[PDB]
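Novice: mind folding the following:
(chains A, B, C, D, E, F, G, H, I, J, K and L, ligands or ions: 10)
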Amino acid sequence: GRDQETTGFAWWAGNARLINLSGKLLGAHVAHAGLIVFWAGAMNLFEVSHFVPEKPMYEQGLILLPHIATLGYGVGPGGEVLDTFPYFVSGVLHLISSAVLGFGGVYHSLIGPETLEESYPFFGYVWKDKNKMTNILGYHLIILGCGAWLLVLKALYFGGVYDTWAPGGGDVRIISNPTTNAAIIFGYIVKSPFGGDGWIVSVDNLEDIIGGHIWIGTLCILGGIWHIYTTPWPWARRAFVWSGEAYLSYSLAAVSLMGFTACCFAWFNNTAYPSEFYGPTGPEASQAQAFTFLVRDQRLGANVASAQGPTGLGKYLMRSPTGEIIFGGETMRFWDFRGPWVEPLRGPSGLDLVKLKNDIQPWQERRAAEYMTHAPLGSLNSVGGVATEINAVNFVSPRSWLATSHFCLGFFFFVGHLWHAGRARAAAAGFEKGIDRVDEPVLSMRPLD
Amino acid sequence: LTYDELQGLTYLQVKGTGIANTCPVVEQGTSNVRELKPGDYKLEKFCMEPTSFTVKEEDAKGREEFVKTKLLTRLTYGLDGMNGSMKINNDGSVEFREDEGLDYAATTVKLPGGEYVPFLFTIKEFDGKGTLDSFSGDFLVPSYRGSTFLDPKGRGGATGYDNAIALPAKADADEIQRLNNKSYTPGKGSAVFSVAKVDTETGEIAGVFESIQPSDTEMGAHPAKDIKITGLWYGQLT
Amino acid sequence: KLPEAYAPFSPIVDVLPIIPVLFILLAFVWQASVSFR
Amino acid sequence: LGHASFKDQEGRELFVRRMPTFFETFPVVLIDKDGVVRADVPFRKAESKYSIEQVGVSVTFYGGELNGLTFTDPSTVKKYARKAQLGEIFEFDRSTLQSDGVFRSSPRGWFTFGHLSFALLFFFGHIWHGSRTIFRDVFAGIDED
Amino acid sequence: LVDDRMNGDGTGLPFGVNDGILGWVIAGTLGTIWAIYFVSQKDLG
Amino acid sequence: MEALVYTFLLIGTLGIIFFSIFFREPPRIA
Amino acid sequence: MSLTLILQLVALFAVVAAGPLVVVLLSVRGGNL
Amino acid sequence: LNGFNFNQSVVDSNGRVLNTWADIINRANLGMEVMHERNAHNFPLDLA
Amino acid sequence: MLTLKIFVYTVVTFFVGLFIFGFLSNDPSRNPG
Amino acid sequence: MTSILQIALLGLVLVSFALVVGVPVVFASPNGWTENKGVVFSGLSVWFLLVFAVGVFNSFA
Amino acid sequence: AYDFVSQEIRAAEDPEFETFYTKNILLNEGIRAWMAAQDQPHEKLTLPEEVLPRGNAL
Amino acid sequence: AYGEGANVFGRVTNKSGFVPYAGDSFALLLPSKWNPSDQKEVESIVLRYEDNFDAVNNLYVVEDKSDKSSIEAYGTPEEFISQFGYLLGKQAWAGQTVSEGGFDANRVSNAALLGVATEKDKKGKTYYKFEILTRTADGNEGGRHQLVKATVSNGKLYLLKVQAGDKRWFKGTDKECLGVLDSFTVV
Ligand code: CLA
Ligand code: CLA
Ligand code: CLA
Ligand code: CLA
Ligand SMILES: CC1=C(/C=C/C(C)=C/C=C/C(C)=C/C=C/C=C(C)/C=C/C=C(C)/C=C/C2=C(C)CCCC2(C)C)C(C)(C)CCC1
Ligand SMILES: CC1=C(/C=C/C(C)=C/C=C/C(C)=C/C=C/C=C(C)/C=C/C=C(C)/C=C/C2=C(C)CCCC2(C)C)C(C)(C)CCC1
Ligand SMILES: CC1=C(/C=C/C(C)=C/C=C/C(C)=C/C=C/C=C(C)/C=C/C=C(C)/C=C/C2=C(C)CCCC2(C)C)C(C)(C)CCC1
Ligand SMILES: [Cl-]
Ligand SMILES: [Cl-]
Ligand code: NA
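Specialist: Numbers count the residues shown, from 1 in each chain, chains lettered A, B, ... in the order given. Ligands and ions are numbered 1, 2, ... in the order given. The structure is reproduced below:
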């Protein structure tokens, strides 16, 4: 290992001693990758061992199995689990690959060359050789593009993926004719992030998702080649700090943004996160409650269209600020929700009064009731319901877990952008250790600020 | 946008554009309204869309005049989906009736000088009569606030306090109107409809309407103000 | 659940997921072994 | 005004639960002699169970201004039960001083509050001026250790 | 309809550019500041 | 009239902040 | 008491002791830590 | 995600619920809940 | 309302462009060190 | 072949225990790696053989 | 410092004047009513469910 | 006892969730989490228990003398349940209202009879069983489910009524209410 006397970094910053040790840095990164794959495999095995296909996935607190099921792999129409074996196969494969990666990390961390510059020039970066850093970026960018095209191939020629918008309760569909139109695909990124627009979180079709991943894979491969064969422009040299900690800070900012995006994706989106596996969203549960009570009071005579609430605004139906007919009550805040079980009841001007009277099918009612009883509300100790409950139900929605956890991770990695980026700037300038004490900048400035 | 043009569009092509609040407009009919075939029709798809709101105000000289206002509640003032009956007579006599549908909309205009005037724009149970050129009638105007509505201090009919509990020494006749006088008595309004165009083959009609109804009485706290609402209406016969 | 062949090995699978949080504790143990050199 | 005695249509004497000192507002409940709630002024007039009208409560005043006067209309009975939850019922002239209608505190309450706050502040005074006394040599400054 | 509105809320408009004049002024302002920077600083790429 | 008093108090506080920022006594070094 | 519980405890003890055991073996052996 | 919910977590031999300070906190929470928005709720569960 | 929108768009674009092109104009060399 | 698969899986678990507890020891030991290349190679080879045997036994039954 | 008497009087006279202070007063009222029965057992408050203040559909 | 000792490594007594209760002439099972209640809205109530969490969930047994020889002497079960219209509370509000949805003019509460039937017993005893849903203008807890079980024996009518909020009913109070209704047995 190392010591503080020869490095200047204490034990609580010991990995910082690896900044200029290329081989051991590679070993550490490979070991952490092996850790990631090991958690993937072990947690997948844990979930399948604790899984009963009779109950819905979101009832049993599973996060990885919904991810595998969204890709097909043993789900029938309506999100019914047919074979749990593919989940087991995925767990075993990720686990064994993790064993291999862990051995590799151990080797490259203990016995492998400490610095790769001399013996292995192909792997000998210098943290300031801009061409070499761009080459590494290009290699890993090509790998990412290949992964995106792998997803596209899975959806195209390998059984498709689980479309929750398919007629009926949703089913595994083979996506043909992906949305490869530039305007449609790039209109999401420039779309507003507010209500009704939702930025890229509001992607609703599988065709749009597959076309977008097509564009991203192609662009990532092309950009990998470009960043391989080119050196940053002279204006790029002046704009950025060129050090390992600087690159780390840039990546930290990027992945903090991605973590926030994933949190919002899990909370709001129900296309890439079908409610059959992840359970209803917040808006979905609220709309489901309103719909269930509407159909209950409509079955008991009454006329929900003319039913006036206590505020004089409409007990079951009202008009969105734009004019679209929407469910009344507080759920008017979620009027822009769209779900597989409510779209058939929507006409050109929103919810249709005629369809809401006779076109409702029993499966829609059952799904709405189930979503209402499993709203994404829970406690820290996994007690379902609002904060004022009887501590009888054991349920917290997987969407809530994903949203909370990855939001915390996104915030902490933004703090990482701040910390590691400021330190990169200071170290490049030379202030990393403190004021000069012989030539303070402030003492060279005119008084009174 | 006629009925077919509106119906062809999908929800995603309409959400966010304000088209929903607009009522459909007949486009290929004939202005000669006397050509409609007499008979009894089940009037459905009945919709009403205001074009202006004016509030009656009486000045110092007693000249009760209607003042234009500014709308506050956005595009939530269109009645649609209503069903009813209509009897076209040979001479043009009309027996208009409205039964169901989204026949009420709570709105709030603002009067110059900064007055918030809420009201239920409604045509509930409008039993009209008159000629085919113009038929008038009365309609029910329910209380703007339901009985279970709670005032900012918890007072209200049915569920409520019937007392200003914030003053444990003041519940006397000086506050009779505010306490326990939550009068939810329904009022009446007057409306006049004129048929502008009729499509006989489609069987649809459209025209202009003018209605006068009281404002929100705030559960009997203050007197109602007269609201005049002009607009255009559409409907389908049988 | 697991396929019937792997049913007896259920305890091992139930124990596996906590190893990643054991690795960081192992790093702290290793640092303590060298007197936090 | 006198003493208000509340009696149901059965003839069972009912007592109004008095407001505890902690409660700014207290719901009106009329209780049987055996501590069984027999009437109240419900917050939810829909499907009420112990309503004044439902139970038929009448209030008879003995002594005071209203002596031998019995009121049976539910509005007056509700008003007098609400007044009686505060204790004995009195007539108040509020026009003279323009009384707002919220209880003030008696002079003993104000005395206790003022002298308790002064007691706390003077405990801090003991602490401060006594610390200055004991540490007079060092309260002009300290010569390091 | 009793008044006039932008009627753009809840739409997938890029940058909120419902009319081309907004996009043109955005491009003009960004391009003008870029021209100042380019004729003062050195951008090549 | 209460609104006038509240506005005056807020304006006074903001003016005091402005004077303490831009008309402060210079920090004398040594 | 349960056989599954017994095996769970055995596996837990083994995996917990794995790390400190290799640390101790490397310390007594003299390996570079 | 909410905090800990230990409501009715303590029960006696026969099953009667033994109240705790968490139960008194829950009573106060119920008091706040049924009054926070008097007229905005048309359905029993808030969920929003 | 359109005039207000275009005015605000111009203002926001102006300030954001100033930010972007000010942080590009050789900012890392603007330190005393 | 269920029993055969189970005993093979137990053998794989034991070999993984041995590798996990020995490979760090061999690597970090002074001169340990050079004198123990054959032992570690045999351990890794038998570990992979056990993995593939478990795979084929799972395929069969 | 429970109340601002001016605002309480105005709300009593004006059934449509509302501020966050009045909403807080309503919340306090709910807390008191729903916590009194079990928080202070010595009072023996057997309040029927119809006297407890409560909003709509909650 | 003082020297009884703890229950370390012991076994539970019962986890069924229901505890027996013996009345004057009836047997019942009450939920474990439900506490005995003191209030008697009707003077003829001889038993009452209430939920610990939500006091809307409760039940009470009323025993009152009846002139009818048997429960069948009241007539049809629907006629019998129409006889006891006061058990669903009383609308104290008396104001003209039409601004409430789903309710008739001047009404703020409505009871819907979901179903009636007749049950049997080990001795052939006949029980009138009723299920009602009461909704209000404020929609308190989305309505209330009322279960009624009535019988006449030895010149006395026994009537058990169980009330549960719809919000509670959806999330598992239905099991407790149905258990209470089933366990009601009279001589
Ligand atoms: C996953 C997180 C992680 C990773 C991958 C690394 C990786 C690394 N650290 Mg580090 N560290 C971490 C977390 C991590 N650290 C944390 C949280 C702290 C704070 C306590 C530190 C503090 C720290 C300090 C102070 C130092 C390092 C150093 C090092 C490097 C040298 C390792 C070495 O030779 O030590 C010795 C190796 C051993 C003693 C062998 C015992 C551990 C091995 C790996 C057994 C692993 C068990 C596993 C089950 C084996 C699987 C085998 C496989 C076939 C299945 C190395 C690349 C050193 C350095 O800077 O490099 C020059 C250094 O001085 N770290
Ligand atoms: C994550 C992968 C990745 C990374 C880390 C980089 C990194 C880099 N690229 Mg590269 N690039 C990539 C992918 C990547 N690129 C891909 C996939 C392509 C193919 C399209 C390219 C094509 C490309 C070209 C042509 C060039 C670079 C250049 C550069 C260097 C300058 C960066 C810069 O201009 O500052 C920051 C960039 C900007 C300030 C401009 C922003 C432009 C985007 C499109 C704005 C879009 C905004 C839109 C509304 C979305 C907002 C949502 C958002 C908040 C998430 C830099 C080191 C330059 C270079 O140095 O040449 C080698 C250069 O000329 N790249
Ligand atoms: C304690 C650490 C931790 C843990 C346990 C998790 C766990 C998880 N994260 Mg998370 N994350 C973390 C830290 C963590 N994260 C941090 C620190 C950040 C930065 C702030 C993020 C940012 C992040 C994002 C942005 C996302 C997640 C997501 C996820 C979930 C899916 C994981 C996944 O699939 O990744 C990705 C998997 C890969 C990169 C490998 C995929 C390789 C290929 C493409 C797979 C294709 C398979 C193919 C189709 C099958 C073959 C087909 C063939 C036959 C044709 C998962 C439960 C995702 C999520 O569910 O959102 C909530 C999500 O998108 N995380
Ligand atoms: C891929 C991300 C990444 C990477 C590669 C690095 C890499 C590095 N960091 Mg950095 N950092 C990151 C993210 C990252 N960091 C984030 C997100 C933050 C914000 C929290 C920080 C904040 C940070 C600080 C303050 C410092 C570093 C430092 C360092 C250097 C030495 C680190 C070390 O070994 O300390 C040793 C590792 C430990 C002592 C282990 C820490 C134990 C943690 C706190 C346990 C928490 C786990 C907890 C259960 C998870 C809950 C999270 C949330 C869900 C609640 C090193 C090069 C040091 C430096 O300045 O560089 C020279 C330093 O002082 N980092
Ligand atoms: C460098 C270093 C570090 C780190 C390390 C690491 C992290 C490594 C990796 C590691 C790893 C991560 C490894 C892996 C492992 C795994 C394995 C080896 C596996 C195995 C498997 C088996 C044996 C089998 C199993 C089975 C099957 C498959 C079926 C089902 C059932 C069961 C599960 C039983 C630390 C921190 C210490 C610090 C110091 C330095
Ligand atoms: C896949 C998919 C899709 C698509 C997507 C896309 C299309 C993406 C792309 C995206 C993008 C396109 C992104 C980009 C981004 C960019 C950025 C984020 C930038 C930033 C910038 C920076 C960071 C800079 C800064 C600075 C300045 C400004 C100044 C000076 C200094 C510096 C240079 C540093 C969709 C939707 C269909 C959905 C489904 C899936
Ligand atoms: C038992 C069983 C089975 C089987 C299993 C197996 C047999 C698996 C395999 C596994 C494996 C066997 C995996 C693999 C792994 C490996 C890894 C994961 C590594 C990779 C590599 C890397 C990561 C790196 C690379 C490189 C170098 C070295 C040089 C330079 C360049 C680069 C960086 C590229 C089945 C299916 C029946 C299911 C059930 C159970
Ligand atoms: Cl509020
Ligand atoms: Cl609601
Ligand atoms: Na409420």
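Novice: pick out the residue nearest the middle of chain K.
Specialist: residue K:29 (2.1 Å; CA atoms, centre = their mean).
Novice: quick check: the residue of chain J nearest ligand 8.
Specialist: residue J:20 (57.3 Å; CB to the ion). Just so you know, the C-beta spots here come from the backbone N, C-alpha and C atoms, and that holds for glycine as well.
Novice: now that residue. Nearest residue, chain neighbours left out?
Specialist: Excluding the flanking residues, the one nearest residue J:20 by CB to CB, 6 or more residues apart in numbering or on different chains is residue G:18, at 6.0 Å.
Novice: check which residues of stretch A:292-304 are buried.
Specialist: A:292, A:293, A:294, A:295, A:296, A:297, A:298, A:302, A:303, A:304 (16 or more other CB atoms under 10 Å in any protein chain shown).
Novice: and chain A, which residues reach chain L?
Specialist: A:293, A:297, A:300-304, A:306-310, A:312, A:314-316, A:372-373, A:385, A:390, A:392-393 (CB under 8 Å from any CB of the partner chain).
Novice: please flag which of those residues sit within helices.
Specialist: Using DSSP state H, A:293, A:297, A:372, A:373 are the members of the residues of chain A next to chain L that sit in helices.
Novice: of those residues, which are in range of chain H?
Specialist: Answer for those near chain H (CB under 8 Å from any CB): A:293, A:372.
Novice: of the ones in helices among the residues of chain A next to chain L, closest to ligand 8?
Specialist: Nearest member of these to ligand 8, counting by CB to the ion, is residue A:293, at 22.6 Å.
Novice: now do the contacts for the closest one.
Specialist: A:316, H:42, H:43, L:142 (CB atoms under 8 Å, 6 or more residues apart in numbering or on different chains).
Novice: do the same with residue L:48
Specialist: Residue L:48 neighbours (CB under 8 Å, 6+ apart): L:36, L:37, L:38, L:39, L:40, L:58, L:59, L:60, L:61.
Novice: in strands, which of the residues you listed appear?
Specialist: Judged by DSSP state E, these include L:36, L:58, L:59, L:60, L:61 as members of strands.
Novice: would you mind checking those residues for buried ones?
Specialist: Of the ones in strands among the contacts of residue L:48, these count as buried by 16+ other CB under 10 Å: L:58, L:59, L:60, L:61.
Novice: burial check on the residue in chain L that ligand 9 sits nearest to, number of neighbours?
Specialist: Here chain L gets closest to ligand 9 at one residue, residue L:139, 9.3 Å apart by CB to the ion. By other CB atoms under 10 Å in any protein chain shown, the residues close to residue L:139 number 26.
Novice: number of nearby residues for the closest residue to it other than its chain neighbours?
Specialist: Spatial nearest neighbour of residue L:139, excluding adjacent residues (CB to CB, 6+ apart): residue K:57 at 3.8 Å. For residue K:57, the count of nearby residues is 28 (other CB under 10 Å).
Novice: checking my notes, residue K:57 in a helix, right?
Specialist: No: secondary structure of residue K:57 (DSSP: H, G, I helix; E, B strand; the rest coil): coil, not part of a helix.
Novice: quick one, what contacts residue E:37?
Specialist: Contacts of residue E:37 by CB under 8 Å, 6+ apart are E:43, I:21, I:24, I:25.
Novice: quick one: stretch B:6-14 near chain E?
Specialist: No: counting by CB under 8 Å from any CB, no contacts exist between stretch B:6-14 and chain E, the nearest distance being 9.5 Å.
Novice: what about that stretch, near chain A?
Specialist: Yes: applying CB under 8 Å from any CB, one finds stretch B:6-14 touching chain A at B:6, B:7, B:8, B:9, B:10, B:11, B:13, B:14.
Novice: Serialize those residues to TSV and add fields for distance to ligand 4.
Specialist: Shown next, in TSV, are these (distance: CB to the nearest ligand atom, whole Å):
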residue	distance to ligand 4
B:6	51
B:7	51
B:8	51
B:9	47
B:10	43
B:11	40
B:13	43
B:14	43
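Novice: tell me the one of those nearest residue B:98?
Specialist: residue B:6 (21.1 Å; CB to CB).
Novice: hang on, the closest one packs against residue A:349?
Specialist: Yes: Residue B:6 lies in contact with residue A:349 (CB atoms under 8 Å); the separation is 7.2 Å.
Novice: more neighbours: which of those two?
Specialist: Neighbours were counted for residue B:6 and for residue A:349 using other CB under 10 Å; residue A:349 has more, 27 against 18.
Novice: is the strand or helix carrying the residue of chain J closest to ligand 8 in proximity to ligand 1?
Specialist: For residue J:20, the host element (DSSP states H and E) is helix J:2-28. Yes: interface with ligand 1: helix J:2-28 contributes J:19, J:20, J:23, J:24, J:28 (CB under 6 Å from any ligand atom).
Novice: related to what we said a few turns ago, between the ones in helices among the residues of chain A next to chain L, which sits nearest ligand 10?
Specialist: For these, the nearest to ligand 10 is residue A:293 (16.0 Å; CB to the ion).
Novice: and the gap between that closest one and residue L:139?
Specialist: Distance check for residue A:293 against residue L:139: by CB to CB, to the nearest Å, it reads 9 Å.
Novice: mind listing what's buried in stretch D:5-24?
Specialist: For stretch D:5-24, by 16+ other CB under 10 Å, it's D:6, D:7, D:8, D:12, D:14, D:16, D:17, D:19, D:24.
Novice: what's the most distant pair in those?
Specialist: Longest span within those, CB to CB: D:12 and D:24, 30.6 Å.
Novice: re the thing from before, out of the residues of stretch B:6-14 next to chain A, which comes closest to ligand 2?
Specialist: Proximity of the residues of stretch B:6-14 next to chain A to ligand 2 (CB to the nearest ligand atom) peaks at residue B:13, which lies at 24.8 Å.
Novice: what's near enough to touch the nearest residue to the closest one once chain neighbours are set aside?
Specialist: Closest residue to residue B:13 apart from its sequence neighbours, by CB to CB, 6+ apart: residue A:348 at 7.9 Å. Contacts for residue A:348 (CB under 8 Å, 6+ apart) come out as B:6, B:7, B:8, B:9, B:10, B:11, B:13, B:14, B:20.
Novice: then residue I:11?
Specialist: Residue I:11 neighbours (CB under 8 Å, 6+ apart): none.
Novice: right, is the helix or strand harbouring it up against ligand 6?
Specialist: Remark: residue I:11 resides in helix I:2-24, with elements defined by DSSP H and E. Yes: Helix I:2-24 comes into contact with ligand 6 (CB under 6 Å from any ligand atom), by way of I:20, I:23, I:24.
Novice: list the buried ones in that helix?
Specialist: Per 16+ other CB under 10 Å, helix I:2-24 contains these buried residues: I:5, I:6, I:9, I:13, I:14, I:17, I:21, I:24.
Novice: many thanks, we can stop here.
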